[PDB]
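> sequence, then the experimental structure. Questions to follow.
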Amino acid sequence: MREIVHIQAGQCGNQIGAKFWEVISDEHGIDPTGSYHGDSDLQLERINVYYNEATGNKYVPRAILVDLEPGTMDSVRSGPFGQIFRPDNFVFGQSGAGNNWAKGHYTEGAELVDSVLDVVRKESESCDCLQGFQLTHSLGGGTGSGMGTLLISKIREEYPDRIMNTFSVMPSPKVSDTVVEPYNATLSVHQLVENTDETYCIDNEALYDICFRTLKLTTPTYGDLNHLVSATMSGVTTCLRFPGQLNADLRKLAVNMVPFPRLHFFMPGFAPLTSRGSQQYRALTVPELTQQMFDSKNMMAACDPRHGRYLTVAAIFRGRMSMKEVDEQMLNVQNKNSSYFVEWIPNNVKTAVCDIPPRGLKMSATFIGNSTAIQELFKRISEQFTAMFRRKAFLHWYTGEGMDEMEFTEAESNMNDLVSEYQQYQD
Amino acid sequence: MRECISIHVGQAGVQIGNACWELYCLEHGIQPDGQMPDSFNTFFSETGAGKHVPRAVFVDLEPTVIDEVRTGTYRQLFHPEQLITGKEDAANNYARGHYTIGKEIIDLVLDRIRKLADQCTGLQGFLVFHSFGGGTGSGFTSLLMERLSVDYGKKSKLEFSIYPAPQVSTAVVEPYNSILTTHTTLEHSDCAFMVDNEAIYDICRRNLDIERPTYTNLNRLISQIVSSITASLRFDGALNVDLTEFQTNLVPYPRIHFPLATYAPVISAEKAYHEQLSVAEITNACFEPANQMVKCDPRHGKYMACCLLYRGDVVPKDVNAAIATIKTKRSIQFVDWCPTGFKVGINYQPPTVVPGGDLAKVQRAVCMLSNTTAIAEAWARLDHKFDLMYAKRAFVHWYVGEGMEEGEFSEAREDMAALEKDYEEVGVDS
Amino acid sequence: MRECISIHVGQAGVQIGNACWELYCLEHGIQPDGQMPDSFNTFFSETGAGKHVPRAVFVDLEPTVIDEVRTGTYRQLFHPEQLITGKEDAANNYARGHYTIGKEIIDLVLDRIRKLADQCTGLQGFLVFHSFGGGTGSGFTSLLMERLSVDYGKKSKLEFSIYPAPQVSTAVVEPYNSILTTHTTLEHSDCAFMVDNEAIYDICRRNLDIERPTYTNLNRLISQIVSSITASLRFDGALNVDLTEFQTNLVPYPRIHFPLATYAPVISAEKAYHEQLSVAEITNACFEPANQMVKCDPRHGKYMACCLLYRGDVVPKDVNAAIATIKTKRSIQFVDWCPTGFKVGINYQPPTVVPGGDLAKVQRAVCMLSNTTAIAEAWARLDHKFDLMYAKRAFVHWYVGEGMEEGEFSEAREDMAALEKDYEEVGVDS
Amino acid sequence: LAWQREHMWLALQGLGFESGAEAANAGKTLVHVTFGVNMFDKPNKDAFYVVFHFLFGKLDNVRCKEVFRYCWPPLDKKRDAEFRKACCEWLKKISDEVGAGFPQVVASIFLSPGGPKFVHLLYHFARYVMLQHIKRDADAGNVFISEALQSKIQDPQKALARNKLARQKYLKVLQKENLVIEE
Amino acid sequence: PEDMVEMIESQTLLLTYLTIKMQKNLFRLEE
Amino acid sequence: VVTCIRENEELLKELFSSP
Ligand SMILES: Nc1nc2c(ncn2[C@@H]2O[C@H](COP(=O)(O)OP(=O)(O)OP(=O)(O)O)[C@@H](O)[C@H]2O)c(=O)[nH]1
Ligand SMILES: Nc1nc2c(ncn2[C@@H]2O[C@H](COP(=O)(O)OP(=O)(O)OP(=O)(O)O)[C@@H](O)[C@H]2O)c(=O)[nH]1
Ligand SMILES: Nc1nc2c(ncn2[C@@H]2O[C@H](COP(=O)(O)OP(=O)(O)OP(O)(O)=S)[C@@H](O)[C@H]2O)c(=O)[nH]1
Ligand SMILES: [Mg+2]
Ligand SMILES: [Mg+2]
């Protein structure tokens, strides 16, 4: 019943999926060996949305861990909650892609993608009523970006009527770690425009800001970043896995937050996020939840919402709350900020409510924004892309792996067209 | 005799039905395990040796809300095949609920309903609880209502629906859905009781002094209104009002069947000790704009026909007194082609109180259903919302991708326009 | 898997290899007799019972440098077959090592390297260690790289070279060879880390406070750079960089693969106490003009892409902060067509310390490999020296007698001039 | 570029666009699908079907009846994918044979036919069909008029002159038509 | 701008088109 | 240029309307 099959690719995607599985296993009460030990019975009602049941009352995640270097497979296997995963689901290459998109898409990923399609076919036929796929990857490298893009294309070709979510992390101009990041980012966005149903754009720079300013962690690591991302990932599907006063699955969110087919790029956010010292001075209420969630310094994508207009916003609340409070608060947000909301859509906000709060808190809220300001995210890349492509620098790796220059031209033109569409609807 | 079949569609209808059936069980002495340690016949069927199974059918294209009921405290009440559930929800899509996801469950719920009707000997009519703004509650209910109208025909179909509020809304594509289902409520319903959630929120926070009310409170209130409507079948009183004579009095022309419901007295148990809730006081609180179940101004239009359903310790003399006073109120104005504009049903059974509720134990209660032209205003605002989104053809690819046409959008809008104009025209005098 | 075969040619190469292998042996806990009382799999093969034979191949046209190895403390490490030698050296002659004497012993070392490459399942590439000044390290290394490029094809070849100094030259015919070697390093190599001795002398005497250092200190520093390069292969860390990642991010165009290597912090034991060598300080040190391993002014050029290999107690956030500070500096200017120009790798294993060494113990280390047009200056000065000696046809008869042509010298000259012009062009902005 | 929606419609009539019969081939009514100029500013998939089938039929006959044999008229959704995959590949081939003279065809333009991006593809498609018939109905002694038209001139005076020659030809030939049909 | 020479080339195109279309019919009609 | 444009388009549309 509405099963979700998860897919990881690359080091970034693999580590973020590992955090995701840790938190979700904690939610449903699964221990590191797969043995249910929770207290409430609800935790077993819809465990099957993510966990297959193997013999002897153990649960195995319905996830496919992919990469082109075995080091990441060993690192994931050796971590905590590592022994849950099926061994037959680790599909790895032997070299690595070398931050080259052409290698991930055409040369080596093309040879590896058949094993991945075999594993996803097995897992998906194993499930009763699939409802979609979740690809956690990064856009800056060769394995993550290009490999996940080839995988998304094939998946859409085989199951055309399913949901396709992506928690892709995008490059950021400030915190850059690779020289050839613009090329891979552009070439991947070109295909994410066509072959996915909703793309949750994360950005490492934004998470670093969340950690430095809000949580006041002196030295954040990648663990804390992946923790934030996993919090959003589970917050999206709480309603699938738990009851509530107003349910919302993934196709509901897709039908509500996407007015036109191409405009499916969202920015996520989470609440409440407080430091430790500042915790006892906070009133955990619905007003404070919504005030934090609609703040611009809390978004997980390095784009300021004040520069555009919310086409749509979704708020998924968790805990025992009043619906009068929720609705009055949403109306208040809309009325006070009337300029940040388009006019040919009345009631931009969709709200849902689940009855189970996250681990340890009494209530929480997840935020998804389809806003025009996301176009900034792309313009940056485009600028950088042009600044390199004009001189054709680093182009000979991509060419020697079999690509063309016409493909770079098409990718740039498609990114420009998406930017034009968003800007047009901004007015 | 005088049976009725309830169809609860979508999440809103299913939960409203949870409230309704808890209420009927408390009213009739029937335990949530079925046993009762006559009148129950209007809703329950006596199954062998002491087992009253409700004459209802729960539907959803999604497993969750029905599973709450299967594992809830009322699992032993409903018999398993009454609770029909699908696999994947309409996902806020009229086209999915109506055309693609809907067609797989329709024969199953129809077979169940037919088996339900073959057990009752004086079937009065169907009660259909749903919600305009949802995917299932809109599309699958359209489908079900069309099929029912074909099969049964002259039976009276009463629908109680959750109409989208002006400002407070939970979904984005909501206006779209709410328009398409109108194309059904005009033709395949006999009387449509539209109720908005924002008005019930204001009712709660003003009357019952509940600062943060949730869906359970609102559902209890709607359930109370339904109970007051069908009491005249389930009890004996001085003046009974059937469903057919009710519909005869309340609907002047075929197209005009969208009355407003309002219950009184709704007060907390604490301000109740000070109030002297006479027949006149609650009779008048019915005619106040603040006690409305839908956001509209009865002052902004003219009344056409009102039905007063009194419940409890009520004598006819003071009812006549109160109706004459209202007749002498100029802020309450009426059409001229309805010289006598009141139907009165008086009933003996006071309104029961659910444990854990907010309402108090009161002896007299009124349910007033008023066909007023002011309801047109409501439709107006929603239409405007539509014409914003539709101007850009936003979200339309979801619909046309699922077996719809754009011609259906255009037709639904033209139909709602003609409905508004017919209301404005029937209002005017001569 | 992920094995790399390190060829050590000529005297300079064989000695830098003594240093490198001392380091690796001490790093993986492998005793000098080969026993270890995983990671070692990259640089050692595990033969039989706890015996590890390095994946290296020491060559030379002279036996004495290899005979010291065969008699030294590590005679029990390299199994005898890998320490290949001839009878007479090339005597600082390119033509002897390339044509005359190299042709007799190219096949032997080629058979040995084929044996080595067959035993590894994940070959990453080759690490050719040689000097530009000698006859073997220029001529035979050129011949070897030619045959290896014909044989193995796409395998990445990273060469670590000892380039002549601007001022201190120990040989007279040196420029000649150092020029002819260019004709190979352009086409057959994938990355060339040229290193000048004079700069390591200055780094020693300033940072380490070593009054007069010898070759052992220089070789220790070079080995430290090599281990920092291959660390992301042998051990695990935060961000990992293979060899192909390195080459992708560091090489903008095919002809441009001559990066400058530099290390931080190289302090004394005594000086390390007063300094708090955090990430910011070592990252700023990598960009200092006096810490380069080759003599040039990086202010006189423009950086094209730079890879930071951090090692030890390194978190990503302060790496990011230090890089942002490097960006907001005006003297470190970057080419325009490379807006994002920093590759970052972070490894968890801190840098080891050899006993009797000169470096201290640090918790963080940085190896910076930068592609900057400034390296062109180096070639310039050496080329001038060439243009002096070729002006008088001096020492040319020694080349012509053994099978070399003057056209070959003119050809190497044209090729190196073209390479300089390519750097001057790629530098300029639009 | 308003004339793009203009010349298109005129060029649409150039192929002999009759809104009735071309709506009759699809088995649907005209009142539910408006034709003309202001038909593709919004998502309009029915007018899309009609104009695309007419435009593909005017250029090719047999292969058109082949590639659109299991598709047209695409009234349902299983058979709709056939239309959307038979047309996109053809348009991609056509764009690749001409290159920069055509907008890069994207299947996403077919999920919602509307907006300026769809009108751009439609105008260049109409131009292509005009030209590949000027390539076949113009005389063997006048095939160069086709390539003379593919020569993207940049000066306005020569454009003026070319129009001038063509329009005097137009007047004289329409006058000769009258001579032939009357005399 | 270019938009006007494109207008001109398009109208030249239409003239050439319709003219050739009516020529190929009139040649048939006269015989 | 606009005059020739207008004469052009007018003759085009009106001659198209010839049966
Ligand atoms: N008064 C009241 N309104 C509800 C309730 N549940 C949902 N709604 C409202 O009804 C509308 C949504 O209808 P849904 O029930 O969620 O739609 P649906 O019937 O499930 O169709 P799907 O989208 O396929 O689930 C919103 O106004 C909701 O706020 C309820 O229990 N009581
Ligand atoms: N940095 C460094 N340079 C060295 C070392 N050993 C030799 N050299 C330098 O390398 C250059 C000479 O190259 P050699 O290795 O001696 O010549 P070769 O490879 O033996 O070839 P032949 O002349 O034929 O014997 C001079 O600069 C030498 O000073 C060393 O251990 N470290
Ligand atoms: N949030 C987060 N970001 C990461 C993590 N690991 C890498 N990144 C970011 O992702 C980008 C590179 O991701 P990486 O994992 O190297 O992609 P890859 O495709 O696996 O790299 P490759 O195999 O082609 S060389 C960088 O921008 C880096 O900052 C992580 O664990 N968490
Ligand atoms: Mg990787
Ligand atoms: Mg020697």
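Great, that's in hand. Numbers count the residues shown, from 1 in each chain, chains lettered A, B, ... in the order given. Ligands and ions are numbered 1, 2, ... in the order given.
> show me what the lengthiest helix in chain D packs onto, helices and strands only.
Scanning chain D for the longest helix, with DSSP state H as the assignment, gives helix D:156-182. With contacts taken as 3 or more CB pairs under 8 Å, 6 or more residues apart in numbering or on different chains; DSSP states H and E, helix D:156-182 sits against helix E:2-30, helix F:2-16. Every C-beta, even on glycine, is put in place using the N, C-alpha and C of the backbone.
> check which residues of it are buried.
By neighbour count with 16 or more other CB atoms under 10 Å in any protein chain shown, helix D:156-182 contains the buried residues D:159, D:162, D:163, D:166, D:167, D:170, D:173, D:177.
> what about the closest residue to ligand 2 within chain A, how many neighbours?
Distances between chain A and ligand 2 by CB to the nearest ligand atom are smallest at residue A:179, namely 29.7 Å. Neighbourhood size, residue A:179 [other CB atoms under 10 Å in any protein chain shown]: 27.
> now residue B:347: how far from chain A?
Using CB to the nearest CB, to the nearest Å, one gets 32 Å for the distance from residue B:347 to chain A.
> contact partners for that residue?
Counting by CB atoms under 8 Å, 6 or more residues apart in numbering or on different chains, residue B:347 touches B:231-232, B:235-240, B:309-312, B:314.
> let's see 7 Å
Residue B:347 is in contact with B:231, B:232, B:235, B:237, B:310, B:311, counting by CB atoms under 7 Å, 6 or more residues apart in numbering or on different chains.
> what do you get for residue A:362?
By CB under 7 Å, 6+ apart, residue A:362 lies in contact with A:284, A:319.
> and whichever residue of chain B sits closest to ligand 5, what element?
Taking CB to the ion as the measure, chain B has residue B:397 as its residue closest to ligand 5, at 75.5 Å. Using DSSP states H and E, the element containing residue B:397 is helix B:396-400.
> for residue B:184, same thing?
According to DSSP H and E, residue B:184 maps onto helix B:182-185.
> helices and strands around that helix, which ones?
Judged by 3 or more CB pairs under 7 Å, 6 or more residues apart in numbering or on different chains; DSSP states H and E, helix B:182-185 is in contact with helix B:141-151, helix B:406-427.
> CA-only coordinates of that helix, as CSV, when you get a sec.
Extracted in CSV, the C-alpha atoms of helix B:182-185 (Å, rounded to 0.1, in the frame of the first residue of the first chain):
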residue,chain,number,x,y,z
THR,B,182,-21.5,21.7,-9.0
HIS,B,183,-22.3,20.2,-12.3
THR,B,184,-23.7,17.3,-10.3
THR,B,185,-25.3,19.0,-7.3
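> from the chain's centroid, how far away is that helix?
Computed by CA atoms, centre = their mean, to the nearest Å, the chain-centroid distance of helix B:182-185 equals 15 Å.
> how about whichever helix or strand comes after that helix and chain A, touching?
Downstream of helix B:182-185, the next assigned helix or strand under DSSP H and E is strand B:191-196. No - shown here: strand B:191-196 not in contact with chain A (CB under 7 Å from any CB of the partner chain), separated by at least 11.5 Å.
> which residues touch strand B:191-196?
Residues outside strand B:191-196 that contact it (CB under 7 Å, 6+ apart) are B:158-163, B:165, B:185, B:222, B:247, B:250-251, B:257-259, B:261, B:293-295.
> filter these down to the buried ones, ChimeraX style.
The following ChimeraX line selects those of the contacts of strand B:191-196 that are buried, judged by 16+ other CB under 10 Å:
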select /B:158,159,160,161,162,163,165,185,222,247,250,251,257,258,259,261,293,294,295
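> among the contacts of strand B:191-196, name the ones in helices.
Those of the contacts of strand B:191-196 mapping onto helices are B:185, B:222, B:247, B:250, per DSSP H.
> between those, which sits nearest residue D:145?
Nearest to residue D:145 among the ones in helices among the contacts of strand B:191-196: residue B:185, at 63.3 Å, using CB to CB.
> quick one: residues contacting the closest one.
Neighbouring residues of residue B:185 by CB under 7 Å, 6+ apart: B:159, B:192.
> what's the local residue count around the closest residue to residue A:36 other than its chain neighbours?
With sequence-adjacent residues excluded and distances taken as CB to CB, 6 or more residues apart in numbering or on different chains, residue A:36 is closest to residue A:29, at 5.6 Å. Neighbour count for residue A:29, taken as other CB under 10 Å: 17.
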